[PDB]
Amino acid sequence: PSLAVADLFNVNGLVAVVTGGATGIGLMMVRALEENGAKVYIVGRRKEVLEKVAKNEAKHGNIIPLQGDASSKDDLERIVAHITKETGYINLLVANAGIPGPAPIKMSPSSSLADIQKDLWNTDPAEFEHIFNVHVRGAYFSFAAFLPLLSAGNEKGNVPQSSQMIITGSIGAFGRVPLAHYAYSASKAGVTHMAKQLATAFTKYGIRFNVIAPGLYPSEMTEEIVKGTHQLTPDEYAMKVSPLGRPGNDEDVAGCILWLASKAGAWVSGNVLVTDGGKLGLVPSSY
C-alpha cells in the first residue's frame, strides 16, 4: 500500500500499443509511457515519422516503430502476428489514430440559407464515410485484432492492472456546435458509445475500456487552428480554446495516459476522461 507517486504511477514493464503514436497527441502519450518505463509499439502509415520518433524521442530506446494501417483489417492481422512473435502479449491498446472530417460546413452571419445548402450538399460521400472507418470501424477491428494479445497480458501478469484498451474520442462527441464537420463529431459520438458498450461487455473478461476526450491540443490537425488563435480577443480564446487561457500540452496528455495505464487507474472502466481546459462547459454540449 505504498502511496508514493513513483510507485503508483510508474508503467515499468508495461507493454503498450499506440496507433497514431508518432504525431500530436499520440506522440505525447508514447513519450510519457516510454520515459516512465514502458515498451510502446507505435503504429502509423508513414514509415518515416514512425522512425524519426523511435530514435530522437525515446529516452530508453523502447519505442518500437511498426508500420500499418490501423483501419485495414489485414494490416492489423500482420501487426498482431509480429507482436505475437516478438513479444507474445500486450497490456494496453491505445486507439488514437484519427483523421479530420470533410471540410466543415461554414455558416458565416452573411451566408444565406441558400448558400449554406450549397456547402452542405457539396460534402463528398466517400469522405463522410471514411472518417467513420478510421474512428469507429478502425477502433472495433483494432480491438478484435489485439484481443488475444490483450488476453495474454493478463496471463503473463507482468503488471498488476488489467489489460486495457483506451480510445481517443473527442469533446466533439458531446459538443453540439459543429466546429468541424457533422461527420467528425458524429463518428466520435459513435466510437465513444461503442467504447461504453465494450466496457459493459468485456470488463468481466478482464479488458477494461476507457475514453480520453480531448479539447484543443497542438497536433498536425490543429496546426492551423492554433496559429489562428493568436488573433482572438481574450473572451474568444476563452470560448474557442480554454477559459484557463491556453491549449493543452505534453504534460496534460502525460497525466491522463499515465493515470489510466498505471496501477493508479487499475480500477477504472467506462470512464470518459474530459481533458478540455473547461471548454465544454462554455459551448452547447450533451456531457
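From 1 onward, residues are counted along the sequence shown.
Stretches 89-97 and 118-126 differ in mean C-alpha B factor, with the higher average recorded for 118-126. Higher mean CA temperature factor, per the PDB entry, when comparing 203-211 with 73-81: 73-81. For the set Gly245, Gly228, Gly248, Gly26, the PDB entry puts the maximum C-alpha B factor at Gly228.
In this PDB entry, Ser2 carries a Cα temperature factor that places it within the highest third of its chain's modelled residues. Among the modelled residues of the chain, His193 sits in the lowest third by CA temperature factor in this PDB entry. Among all modelled residues in this chain, the alpha-carbon of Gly175 has a temperature factor (C-alpha) in the lowest third. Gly61: CA B factor in the middle third of modelled residues in this chain (values from the PDB entry). Ranked by Cα temperature factor within the chain, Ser111 sits in the highest third according to the deposited record.
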